[PDB]
Every structure is written in structure tokens, then in C-alpha cells.
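Remarks on the structure that follows.
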Amino acid sequence: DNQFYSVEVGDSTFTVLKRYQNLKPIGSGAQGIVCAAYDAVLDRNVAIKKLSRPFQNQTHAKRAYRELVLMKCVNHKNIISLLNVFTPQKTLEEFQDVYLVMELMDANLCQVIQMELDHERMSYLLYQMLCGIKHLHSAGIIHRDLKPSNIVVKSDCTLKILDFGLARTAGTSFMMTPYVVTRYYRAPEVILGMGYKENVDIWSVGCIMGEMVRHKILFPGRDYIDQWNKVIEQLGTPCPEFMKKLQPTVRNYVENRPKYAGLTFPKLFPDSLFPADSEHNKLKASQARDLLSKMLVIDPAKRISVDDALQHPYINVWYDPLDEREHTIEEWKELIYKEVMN
Ligand SMILES: Cc1cc(NC(=O)c2cccc(-n3cc(NC(=O)Nc4ccc(F)cc4)cn3)c2)ccn1
């Protein structure tokens, strides 16, 4: 008799619309609390994400509210499209949880990274990541936090970006909850608070590509100290021109780290990491290495744009012809609720 029904999945209760049946947890990855389900109405398999009391703090609130707003005003095949948004709660007073529905994909990008991929597959994932990022950039969306965990793929190698990243005109805080923030794919400008342009997300596409070839996180670490050491340890200390654009403090710290000449890209990503059996693969390896060498550049002023990357011989083959201000818990609960209810 209720339009909704509850089911305990993993550890989390899922009060969902009776149309969604046979709810199996994804776990990895997922991300947050994400389910697989069969939509009776649409006759297709969907993925259901539960946002638990998202208005509980500024961090959770700003992200949920901005992603909901942006999921509506964005339309691309490599960007998250919502099939449904709902709340089981009947009033603004009763409101607790938000449920976002999208099509079911088959894996996240970390899983795909672990696999031995060919140049056909590899350049197709990379073309799509850049297509998505180009679309976000045109909508005035500079991600800054692109990572494989928030990227999903289908068996046919079709890719989608699930989030809209770092809140422009913010202003991040702490988390009283136990969850890891993946910083490994963030651009040096993010690592060193610098001010950015569109190609801040290219660094991210270079870390991912690098990991597809190496099968190891390129610049790991506990924090930006550990991390920055690995960036300069491999690509070498940035040129004096880069230092000039830094804040006086950042500049002082950066200039005072032991200097490194840096490894060359054939030594960073040797021939052994790539298929070599044919001439085709021999050519595709040097083309692959060239793209990386242009994406993994500390100084943004020198690092490759999204448009130039799509016209790179490795990628180009796939070409086919309000309101970041502070609010309260009550203020946020309303902004979010009247966006669910529209
Ligand atoms: C045919 C089929 C496919 C299955 N898929 C999986 O097991 C699987 C594994 C990892 C990731 C995903 N996947 C995850 C999402 N969505 C999200 O992670 N987050 C998200 C969800 C909804 C939103 F509105 C926004 C973000 C999609 N696919 C599915 C399982 C069984 N059969």
C-alpha cells in the first residue's frame, strides 16, 4: 500500500520506490552507498546511490546540493545523467535521505587500470575522459579532483564521469567520519594552492594514463609533502619560471627541497610496459609516451590543453563527425529538499 519499501543492504537500509527490485550492493566501486537494481518500469538495470542526511554539515551539504543542481544542467554521454531522484520522506520536516538513480555500469576505472589494456581500449577511455572534461569546462566546470574511483565503464568500453569535483569559491573543511580522500591525481596547482585554468584536469588524465601503463599510483603519499616529493623525484624540480607564480611561503618551501634532475619519459614509462609484438604497437607506444610527456608537466603554462590532447595522434583517431556561501543545517536541508522535489 506504500509507494516505497525498505531493504537492509550491506549495513544500510534502502527505502526505495517499489519499481526498483533485487537490490545487490556494489561495494567496489561505490564510492558511497551504491546498489545495483532492476527497474520494473524501465525494464533495465539501474544503480541506486543513497545520500544519508546530506545536510548534516557544510562539506556534505555543499557537495550534494551542487551536484544535484549540476546533474540537471549538464548533458553529455561521458558525464552522469540521472534517471530519477527521490526521497521516501513526505515533508521538509521529515526529510532525511536522498536517492539518485542512473544506468548500471559494469565497473569503476581502478578495476580497468589493473588490467592489461591494448592501445585501442586505452586511447578510447582517454578520448572519452577528455570529451567529458571538455564538456564540463564549457559549462564553467573545472573539476580539479578527477580520479578513477569516481569514473565508471561499461563492457563496450563506454565511460562516464560521476562527479563535478572541487567546489569553486571554497573552502574545504575536516571530516569527523572515517573515509580516505584520494589526493594522488590532483594537479601541482591543487597540491600547492596556486590558482588554475581548464588544463588542471589534464594532469589528472596523465596520472590515470600513467597508471594504465605502470599499474602503480604515480605520485602516492600520506599528504601533499610526501606527494610533492614523488612529483619532483620523477619529473624533476620545476624551472625557476614556475616558482615566480607561487605564493611567497609555498615558493620558499618548494625552492628549499633537495633538487632533482628528473627521469626521462622513456625511463619513466619504458618500452617493456607497452605491447611491442607489431609495428602498429611500436608506433602507438611512442605516441602514447609523447602524450604522457605533455600531460605530466608541473608548470600548467607548458602542460597540454584539452583541445590539443583531442588532436594528439594517439587520441584524435576516435574523433567522430550560486551557491557556495555558508548556510546552516536547516538552511541546507531546505535548499537540497526543494531540489529533490523541484
Ligand atoms: C550488468 C551488471 C553490472 C553490474 N555492475 C557492477 O557490479 C558495478 C561495479 C562497479 C561500479 C558500478 N557502477 C557504479 C555506478 N554508480 C556509482 O558508483 N555512483 C553513483 C550512483 C548513482 C548516482 F546517481 C550517482 C553516483 C554505476 N555502476 C557497477 C552488476 C550486475 N550486473
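Starting from 1 in every chain, residues are counted up; chains themselves are A, B, ... following the order of the C-alpha cells, and ligands are numbered from 1 as listed.
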Contact residues around residue 4 of chain A with only C-alpha atoms at 12 Å, ignoring same-chain residues under 2 positions, as a count of residues only
17
May I ask you to write as a ChimeraX atom specification all residues lying at most 6 Å from ligand 1, with only C-alpha atoms and all ligand atoms counted?
/A:26,28-31,34,36,47-49,82,100-102,104-108,152,162
Using the selection just defined, write its residues with C-alpha atoms as an mmCIF file, in the first residue's frame.
data_model
loop_
_atom_site.group_PDB
_atom_site.id
_atom_site.type_symbol
_atom_site.label_atom_id
_atom_site.label_comp_id
_atom_site.auth_asym_id
_atom_site.auth_seq_id
_atom_site.Cartn_x
_atom_site.Cartn_y
_atom_site.Cartn_z
ATOM 1 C CA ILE A 26 28.255 -2.953 -5.468
ATOM 2 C CA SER A 28 33.724 -1.608 -5.165
ATOM 3 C CA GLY A 29 33.105 0.867 -6.521
ATOM 4 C CA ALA A 30 30.967 2.630 -4.918
ATOM 5 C CA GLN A 31 32.281 5.305 -3.615
ATOM 6 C CA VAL A 34 25.597 2.302 -4.083
ATOM 7 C CA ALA A 36 22.534 -2.492 -8.405
ATOM 8 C CA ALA A 47 22.486 1.861 -9.924
ATOM 9 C CA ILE A 48 20.981 3.427 -6.748
ATOM 10 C CA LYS A 49 23.089 5.731 -4.541
ATOM 11 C CA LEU A 82 20.241 10.986 -13.618
ATOM 12 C CA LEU A 100 19.959 9.214 -7.001
ATOM 13 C CA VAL A 101 19.305 6.708 -9.832
ATOM 14 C CA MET A 102 21.470 6.233 -13.001
ATOM 15 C CA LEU A 104 24.081 0.430 -14.260
ATOM 16 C CA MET A 105 27.646 0.331 -15.428
ATOM 17 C CA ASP A 106 29.880 -2.728 -15.144
ATOM 18 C CA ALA A 107 32.996 -1.494 -13.252
ATOM 19 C CA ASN A 108 34.865 1.540 -11.966
ATOM 20 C CA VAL A 152 32.715 4.089 -14.285
ATOM 21 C CA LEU A 162 30.311 10.578 -11.834
#
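Distance annotation: of A:262, A:54, A:132, A:220, the residue with the minimal separation from residue 298 of chain A is A:262; atom set is only C-alpha atoms.
The shell of residues at most 10 Å from residue 312 of chain A, with only C-alpha atoms counted and near chain neighbours (fewer than 2 positions) removed, consists of residues 127, 287, 288, 290, 291, 304, 306, 307, 308, 309, 310, 314, 315, 316 and 317 of chain A.
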Could you write those residues out with C-alpha atoms, as a tab-separated table (two decimals), in the first residue's frame?
chain	number	residue	atom	x	y	z
A	127	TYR	CA	39.45	10.19	-25.53
A	287	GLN	CA	52.61	8.21	-29.48
A	288	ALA	CA	51.38	7.14	-26.01
A	290	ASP	CA	54.56	11.55	-26.19
A	291	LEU	CA	51.04	12.35	-24.86
A	304	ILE	CA	48.90	20.40	-22.92
A	306	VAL	CA	42.14	19.56	-23.53
A	307	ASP	CA	41.64	20.66	-27.27
A	308	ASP	CA	45.28	19.90	-28.17
A	309	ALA	CA	45.06	16.49	-26.40
A	310	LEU	CA	41.96	15.55	-28.53
A	314	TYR	CA	47.18	8.87	-30.08
A	315	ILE	CA	43.68	10.27	-29.14
A	316	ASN	CA	42.49	12.01	-32.44
A	317	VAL	CA	41.63	8.62	-34.12
Please give the complete set of residues from segment 110-152 of chain A that DSSP, run on the backbone, assigns to helix (DSSP H, G or I), formatted as number ranges by chain.
A: 110-113, 119-138, 148-150
Extract, using only C-alpha atoms, all DNA, RNA and protein residues at most 9 Å from residue 142 of chain A, discarding same-chain residues fewer than 5 positions from it, and format them as a PyMOL selection string.
chain A and resi 133+136-137+164-166+168+196-201
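Look at residue 174 of chain A: the protein and nucleic acid residues within 12 Å of it, using only C-alpha atoms and passing over chain neighbours fewer than 3 places away, are residues 57, 58, 59, 60, 171, 177, 178, 179, 180 and 181 of chain A.
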Would you mind exporting C-alpha atoms of the selected residues as an mmCIF file, in the first residue's frame?
data_model
loop_
_atom_site.group_PDB
_atom_site.id
_atom_site.type_symbol
_atom_site.label_atom_id
_atom_site.label_comp_id
_atom_site.auth_asym_id
_atom_site.auth_seq_id
_atom_site.Cartn_x
_atom_site.Cartn_y
_atom_site.Cartn_z
ATOM 1 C CA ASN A 57 27.425 19.514 7.658
ATOM 2 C CA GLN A 58 28.683 22.238 5.223
ATOM 3 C CA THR A 59 31.028 19.798 3.366
ATOM 4 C CA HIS A 60 28.321 17.097 2.710
ATOM 5 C CA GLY A 171 36.950 26.469 1.104
ATOM 6 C CA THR A 177 33.867 10.422 9.640
ATOM 7 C CA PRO A 178 36.402 7.616 8.751
ATOM 8 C CA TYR A 179 36.871 7.818 4.934
ATOM 9 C CA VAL A 180 40.016 8.270 2.794
ATOM 10 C CA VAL A 181 40.390 11.338 0.461
#
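The space separating atom CA of residue 313 of chain A from atom CA of residue 274 of chain A comes to 16.8 Å.
In terms of minimum interatomic distance to residue 148 of chain A, A:109 ranks closest within A:194, A:115, A:109, A:51, counting only C-alpha atoms.
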Extract, using only C-alpha atoms, all DNA, RNA and protein residues at most 9 Å from residue 77 of chain A, discarding same-chain residues fewer than 5 positions from it, and format them as a list in words.
residues 128, 131, 132, 158, 159 and 160 of chain A
Kindly save the residues from that selection, with N, CA, C and O atoms included, as a PDB file, in the first residue's frame.
ATOM      1  N   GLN A 128      37.427   9.674 -24.246  1.00  0.00           N
ATOM      2  CA  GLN A 128      36.178   9.908 -23.511  1.00  0.00           C
ATOM      3  C   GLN A 128      36.357  10.747 -22.253  1.00  0.00           C
ATOM      4  O   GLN A 128      35.539  11.635 -22.014  1.00  0.00           O
ATOM      5  N   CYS A 131      36.729  14.155 -23.543  1.00  0.00           N
ATOM      6  CA  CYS A 131      35.449  14.614 -24.088  1.00  0.00           C
ATOM      7  C   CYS A 131      34.603  15.147 -22.923  1.00  0.00           C
ATOM      8  O   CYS A 131      34.195  16.307 -22.955  1.00  0.00           O
ATOM      9  N   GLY A 132      34.428  14.327 -21.885  1.00  0.00           N
ATOM     10  CA  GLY A 132      33.721  14.700 -20.671  1.00  0.00           C
ATOM     11  C   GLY A 132      34.249  15.986 -20.066  1.00  0.00           C
ATOM     12  O   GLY A 132      33.486  16.943 -19.913  1.00  0.00           O
ATOM     13  N   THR A 158      32.477   2.143 -22.922  1.00  0.00           N
ATOM     14  CA  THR A 158      31.877   3.477 -22.806  1.00  0.00           C
ATOM     15  C   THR A 158      32.074   3.933 -21.364  1.00  0.00           C
ATOM     16  O   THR A 158      31.946   3.136 -20.436  1.00  0.00           O
ATOM     17  N   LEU A 159      32.502   5.167 -21.188  1.00  0.00           N
ATOM     18  CA  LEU A 159      32.952   5.715 -19.900  1.00  0.00           C
ATOM     19  C   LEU A 159      32.052   6.844 -19.451  1.00  0.00           C
ATOM     20  O   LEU A 159      31.460   7.492 -20.293  1.00  0.00           O
ATOM     21  N   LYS A 160      31.932   7.077 -18.146  1.00  0.00           N
ATOM     22  CA  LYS A 160      31.181   8.200 -17.565  1.00  0.00           C
ATOM     23  C   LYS A 160      31.917   8.733 -16.328  1.00  0.00           C
ATOM     24  O   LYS A 160      32.537   7.960 -15.577  1.00  0.00           O
TER      25      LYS A 160
END
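The residue that comes closest to residue 284 of chain A, out of A:226, A:255, A:97, A:118 and on the basis of only C-alpha atoms, is A:118.
In terms of minimum interatomic distance to residue 253 of chain A, A:225 ranks closest within A:235, A:170, A:336, A:225, counting only C-alpha atoms.
Minimum atom-to-atom distance to residue 121 of chain A, evaluated using only C-alpha atoms, belongs to A:157 out of A:157, A:205, A:145, A:211.
In terms of minimum interatomic distance to residue 126 of chain A, A:207 ranks closest within A:207, A:239, A:23, A:191, counting only C-alpha atoms.
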